[PDB]
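Residue numbering begins at 1 within each chain, and the chains themselves are lettered A, B, C, D, E, F, G, H and I in the order written.
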Amino acid sequence: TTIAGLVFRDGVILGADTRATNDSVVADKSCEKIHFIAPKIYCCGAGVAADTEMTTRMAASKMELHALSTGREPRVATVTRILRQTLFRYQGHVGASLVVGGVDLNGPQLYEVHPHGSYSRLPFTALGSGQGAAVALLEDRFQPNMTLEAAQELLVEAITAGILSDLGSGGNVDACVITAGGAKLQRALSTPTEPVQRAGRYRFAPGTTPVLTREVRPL
Amino acid sequence: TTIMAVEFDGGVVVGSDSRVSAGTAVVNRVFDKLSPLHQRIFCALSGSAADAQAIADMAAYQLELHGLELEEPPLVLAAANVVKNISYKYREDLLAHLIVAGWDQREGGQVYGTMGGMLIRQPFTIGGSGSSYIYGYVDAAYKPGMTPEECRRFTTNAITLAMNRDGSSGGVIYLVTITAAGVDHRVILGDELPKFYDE
Amino acid sequence: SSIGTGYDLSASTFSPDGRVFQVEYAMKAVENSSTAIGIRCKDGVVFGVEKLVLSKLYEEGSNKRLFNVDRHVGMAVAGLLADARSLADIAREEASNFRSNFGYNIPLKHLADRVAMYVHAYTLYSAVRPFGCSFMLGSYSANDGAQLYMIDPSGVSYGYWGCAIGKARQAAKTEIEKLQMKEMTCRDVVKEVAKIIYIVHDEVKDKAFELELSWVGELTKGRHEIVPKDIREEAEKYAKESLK
Amino acid sequence: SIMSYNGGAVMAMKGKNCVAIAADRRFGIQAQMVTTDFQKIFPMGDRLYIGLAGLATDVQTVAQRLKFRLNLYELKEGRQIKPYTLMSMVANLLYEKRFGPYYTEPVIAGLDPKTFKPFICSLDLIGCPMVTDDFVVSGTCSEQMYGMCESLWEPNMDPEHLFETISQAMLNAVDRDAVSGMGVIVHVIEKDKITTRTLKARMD
Amino acid sequence: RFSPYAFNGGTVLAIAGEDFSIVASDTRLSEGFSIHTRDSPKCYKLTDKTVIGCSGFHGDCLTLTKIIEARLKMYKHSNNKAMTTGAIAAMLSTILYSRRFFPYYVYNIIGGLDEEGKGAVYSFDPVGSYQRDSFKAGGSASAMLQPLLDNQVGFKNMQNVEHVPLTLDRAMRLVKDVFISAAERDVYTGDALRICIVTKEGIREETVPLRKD
Amino acid sequence: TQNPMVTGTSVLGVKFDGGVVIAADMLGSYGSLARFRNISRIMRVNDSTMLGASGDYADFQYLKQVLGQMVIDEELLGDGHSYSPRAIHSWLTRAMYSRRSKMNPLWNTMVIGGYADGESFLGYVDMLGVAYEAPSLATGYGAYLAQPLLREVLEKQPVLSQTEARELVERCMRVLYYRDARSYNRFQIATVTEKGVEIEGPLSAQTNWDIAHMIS
Amino acid sequence: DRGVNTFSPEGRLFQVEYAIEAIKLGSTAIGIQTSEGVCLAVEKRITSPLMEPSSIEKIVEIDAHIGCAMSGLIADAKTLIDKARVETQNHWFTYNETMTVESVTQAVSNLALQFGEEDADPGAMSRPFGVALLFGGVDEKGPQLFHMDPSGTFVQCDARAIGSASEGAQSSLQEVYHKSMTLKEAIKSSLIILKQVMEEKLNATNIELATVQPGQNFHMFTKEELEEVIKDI
Amino acid sequence: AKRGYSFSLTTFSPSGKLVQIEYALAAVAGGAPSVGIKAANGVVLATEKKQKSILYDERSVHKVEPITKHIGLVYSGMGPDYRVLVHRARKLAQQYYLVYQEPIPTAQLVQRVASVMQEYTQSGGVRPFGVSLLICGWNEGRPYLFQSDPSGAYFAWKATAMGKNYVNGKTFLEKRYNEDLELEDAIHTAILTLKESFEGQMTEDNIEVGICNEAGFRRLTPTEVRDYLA
Amino acid sequence: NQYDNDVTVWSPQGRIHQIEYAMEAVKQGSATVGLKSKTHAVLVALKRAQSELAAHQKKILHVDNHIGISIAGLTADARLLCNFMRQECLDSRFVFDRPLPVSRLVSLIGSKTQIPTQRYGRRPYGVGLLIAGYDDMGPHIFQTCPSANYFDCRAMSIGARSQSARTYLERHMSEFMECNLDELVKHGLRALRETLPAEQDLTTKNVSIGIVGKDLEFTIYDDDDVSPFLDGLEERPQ
């Protein structure tokens, strides 16, 4: 899993791949690793898939509740702290490494949070199995106050780097752009690999399969 | 991690480095390990990142309440005790050394070491993995009654040397100065960093 | 002044005119007890209590109404002495908890604040009754100076230059108003404390009494302790001879 | 491995307005087989089925405890359960035992009540949902089942052809697994009817 | 890790007669290869009729003796009488077993008089299995004290000895001899030997010096 | 405590005529590293008893505040009763065994010196609950180095004057500095007497290194 | 309405004083401490000839050397009797000996005022026991007899009577007691006084008789043996 | 230190009537009027928000509250008790969503919220709620309107009124309300039913109104309320 | 009255009647006298019999080697407080190895007896005790009540007709400090004698004495062990 966060002038951008691996075999070629928390806050999940999913949904639920009682647009700083304390309680047994980014009254913010409960605030980061590749690109080609379009392209490049270089990373690259005006989630932003094509047709004429028993219930 | 705290007449100086590392890989080359417990109280973070941040938050919380109940800025001694108490209650469960330094009206600028759940006050303290390589340096480079600027040189120097020796220490140096007037926060970039024998 | 039958049995029940009578009846218990006094001087705080001798068979020093809550803090009580001792134990544990958590001697104001919360907690429920006593807290340091606080059955705490609780709290306060305590040394104050106790004391209704006296100032190095037999008897002679 | 103790293979496929679900019929302990007619696919209502592969006890336990929660849902709610809702119900059930999990990886296959739409999914042993538009596999011969499904599956299959494809995918993948077999049971689910078939599988 | 136990040595011996009971022990307290103190007798007065001897882990011995002391008071306030030698022996068994899964590393021997005035000796293991016997040794040098007592007191392995009843004089010398022999061989035995004699008159203590190396 | 962090080495004790004297170096070691070379390992309980402690320093400081509070609590009552040197020793034995039995021990070895009713007291307390009394005491490496010296002098002369006890202790601190790798040349001397507890400032034992030239 | 732990202006607990009144409805029981043994006697109070004779057990065995006579609410008594039997065997297990008659009575007296509403367990007592007990036995202090009531107060007795006709039997024992009485006269006296204070005539199946003497253990008298002591009316 | 009462404060009278519930029903019947109308393509909820003084900030507190994206609430009776039911209903809506990953059916929320109201009619040391709730919602492409009361009982409505003049408000709706209304028409007849029991002149500050449709639930802005007040 | 059913209800006068009703239980019990010298502390109590066939009730109870008590009031409340005193003395010897100072034990009674007077459903202890002890501060005579309040006293008497004993001790309170042990007990007996009516006097069956001091541990004399104290008696005058 390769996930990255980028901070630019008008807001933040988050990226993820779409590959979920069971054992050393690929189970899902199209899974959503960018998670809804608040209308303007999203989180990228790497680690134990079930843990990332449930921890994320928990946060999102709490954040909605918070917004309802508050009556105000939720803070990303709030989301980060909620996550830390929950994750700290479990002493790293909840395998969730997350990249959380959002826009506030306080501006655009990017946080990374680790399953043990540590957090750090920074302009750019990458987590997961392919983090090395993604950090390399950001370290190489990151300037502050990048235009959205340059930021979009760099993030894609950073995540693409992980897809090809890492075995536990593959599929399409998903990006989520968060600006004060809006948050645009772009699934399948870029797809490096498309193999639909098959050369053989493995079809079977009915009756090829030997059946001992038949029973039909009409509805 | 290399953390340092030095005591002078007007107040204190607290120093840190910028790196957190997971084994041989660095996960954050720009991390501020200087956390404020209160307006005039700061602590320096070492050990497990999660554990250190968790203690820092609770200490700031309890001291915030302590301050309100007394309606006075907390004593640094008080600040140091809460950190010592949390560290000691869970010595086996929590892996962290926090250096707490700050200023109060009653006793001025003070430096406390809480490593292992003990309480000691020192003219200056060092902590972290990097501290091992500078024990000699600090013993020879220390003079009583150094001015704020002399103190800043001292902590910066020591940490610079530790950073170069230590694999677990690197990045830029974060510095704060606590005085009756306020908090001065400054960062030293690699180009600004002091030079010594490298080879 | 009082409501019968229904609105005065429980502390969880308000009276129609917005009063909690269970607290007010607990306030009556202290009003019946003998007078306790305490004033703030230039360099400390002095306490004084009239201790009515119920029987000459009791020891001289029994039924102590002056307590050591902390090495620097002293307590002067008036009311149901059973409750007074439990509140002395609560105050002792609170001063002990502060040192265990923060590492230094508890500020008197905070100690008064903390114990007052415990007293107030017993005024809200039907499950428990309010404390039937009022008490004073005094301390001295070089930093905070001389401080004096008093807590009543409701849970109210205020700072004082001069304070009195018990039978003749009014007869005592008017005698305290005469003193220039802001300028007086605590050695001089003891003499004046002793005489106000003697004036307040009713010799024709109450049989006899003993005088309890306490220190907490610069002369005692910030430690709360008892006024010695030598200084007390000088103040007692001063009290008897200026009574004319 | 703990999953390897009892074995088993569960597979689901998708087609033109229809879904298919199949499992092996073996119940065996490590070295030997005990039963030829063991049940692994359980109906969670008309037109919605769950297949469970893994430890035979947890296969039976989860099926029973899910039915417990399903019936209460179908009684409190005035409706029959939607496939997405069942997936989330199994996910919650399995995740509740996060640090002491049931050793079974379930497979939901069924058509949506009212809206006809086909739905297939598989889950973790700790309840992580996986939704696909083609196929989902679970068991000891995951790799064998993946190799067949990737080569055999086509986008729009009629009930006649879907049965043949899902069978051949199960037949040959099972014949390469030592802990799965003793017959294969296939359920073909349509709006009009449900077709249940046991196949002439290898009995070795 | 951390070990909750330490071996402190010490050997305790008890012999029963017609109207007397003897409890004897060395005064050596040690740990590893060093000696903690040369003045540590293992004999302890419980009542005017009963004496206890504890050996093994001294931390357990100190806590256990204090528990018995408290339980002796608890009994006499509730029953209006002193706890008998047999009753203390029956009580010690239950206290030792209450720690079956975290035992006292302790070797207890009780010496006193029964309700008929006759000498009684009770021997215990660390867990609480006990019985009455004429003589028993417990501790680091118990294997050195036993065989000589089996031969002399029990008259074992002998053909035409007339079986003379045990006297206090003979038992006292027997107690001294076996401990002198044990101090020569066992490194944990030495310094001084304290003998506690339980009779109808009460408890009398006697001290004989031993090897101090 | 499962694993001690900052530790203190041997603590000495020997009773003279009219009191007891205790010595302990001002070192807190982190493993082999000499971390703090100016920290007090001795405390004054009250006016009758004193305490020096080996092992984990954080556990010593915890016991320092608990004992400190107990004396404060007792002084508040002012009933003419105070904790005797034996009572502190008895409490400490019960405290250490209780923590030991819970498998969460206070990693400490204690020497308790005291003077009450014209009698001198010297008590040993282990982290497992081992407690006894002796004319001379030495913990850790002192038990192997300093204790043999103390016993040999006390065999030839059981009763010592305060001066004789002081110079014997200084002789022992010299041996400890030579032979213990976890020791330092900065130590304190505490003394109980009819006047009370007196802890003296930073002291250094006189060292001779002339045997460095006796290798040729 | 008041609580169970409420003091009277007199200075007594209401529930206790009312529990004493519950005894005044129970059948009469008499115990006599002789220098050579202790005898216990009680009336069964038969309501119908259909009821089984040996069914009513108002004198029971607690230990081999201890007997207990009960009066008042029988249901409350057998809860206290079982606790007394548990105590004797708990003490036997721990100390390898038989308990004293005083210690057994003291153990039961510890359950006396252990009742209440608030600040109590879910299974805690709501009220006192409406029972008066006579513990009669032989220990190493000779033959002993003890009396206990709901207040918890227990005391030794040379001869005591409790029940409906308590005062009538107490005065009859008062003038017919010597501290040198024989066991033959002891059973005789208890039988003579029993018929005087009863509404029904003395039959062999109508009453229970028990003896605890230094030699033999606690003995429940058989119908044939009762006819030998009723022969001397 | 405290420990609560373990006995019911609501008991059966000789008549067979739980008096405290009917007494709680008197609290809502005396509260500010509220009206809800189900209108084919949506639901409307309106209430009297007359604070009876110009000092109050009309924008600070709200009576028409959102529970989730698709469900809203209005009340008649006591404000403090209503707040507790809102917070409880918001949690129940999230508890359902976390388990099923589907917006909670309105009927299922009301059942869960009414069950909470039932507890306070039987549990120890507590009085029942003095509030009647009006719950609107949109699920399965259908509008829903429900009423929950102090009893714990729940009713499904096409249109209803509660609070002051609830008897006159209902009879008005019996004549005025017709099935197959448009949502914008429903706001009118909601304000009209509210005008029947008002007393004073209506401003956008004096009343509060929320709407629920296929796009979800939202409270109408003061500017939107003014446009309907003509 | 309605302010007298619970301890948690204050009277309009500023009193608690349930504490005062519990104080009535002490007065109904038989009289007991406690007094001390500079070296000894003596308890003298009057045993009572409900009938002549029944034996006399226990008045003096053991607590520890240095502390003893005499009871007045409810038996079960007396035994409950006695067991608490014993437990506190045992805990002190288990931890510190030294006997618990009398002053501190009575303070623990004051703390414990206070708890039930302030909680609803609970009740005050229906017993008053006279505590005789010996420690570092010498002999002590202490008095406890249903109200948690306690007193340090030179001499005291509680129970039925204890006023007569109280007046006797008040006249001879200056005598006690230099008194010989045999003379001290006779003073305690002569005070207890005043409580009894004119027809009856102190007998070997109704007198219980407890002594603790510098010489010996706490000891209870009852029957045959009591007669040496009664013999050598100045006759009952009026």
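Assorted remarks:
The criterion applied here is as follows: a residue touches a chain if its C-beta (ideal position, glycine included) is under 8 Å from a C-beta of that chain, and two chains touch if they have at least 3 such contacts.
Counted as hops between touching chains, the shortest connection from chain C to chain E is 2. Each chain gets a centre from the mean of its Cα atoms; for chain H and chain I, those two points are 69 Å apart. Distance between chain C and chain H, defined via averaged C-alpha coordinates, is recorded as 55 Å. Taking the mean of the C-alpha atoms as each chain's centre, chain C and chain D sit 79 Å apart. Inter-chain spacing, taken between the CA centroids of chain B and chain E, is 60 Å. Among the residues of chain C, those in touch with two or more other chains are 127-128. Working note: touching chain pairs come out as A-B, A-D, A-H, B-C, B-F, C-F, C-H, C-I, D-H, E-F, E-G, E-I, F-I, G-I. Of all residues in chain B, only 20, 25, 27-28, 30-31, 48-50, 53-54 touch chain A in the complex they form. Interface of chain F with chain C (complex): residues 65, 69, 72-73, 75-78.
Within the complex formed with chain F, the chain E residues making contact are 1-2, 4-6, 8, 29, 31, 34, 36-37, 39-40, 57-60, 62-63, 102. Residues of chain C that touch chain H in their complex: 121, 124-125, 127-128. Within the complex, the chain G residues that touch chain E are 93-97, 99-100, 102-103, 106.
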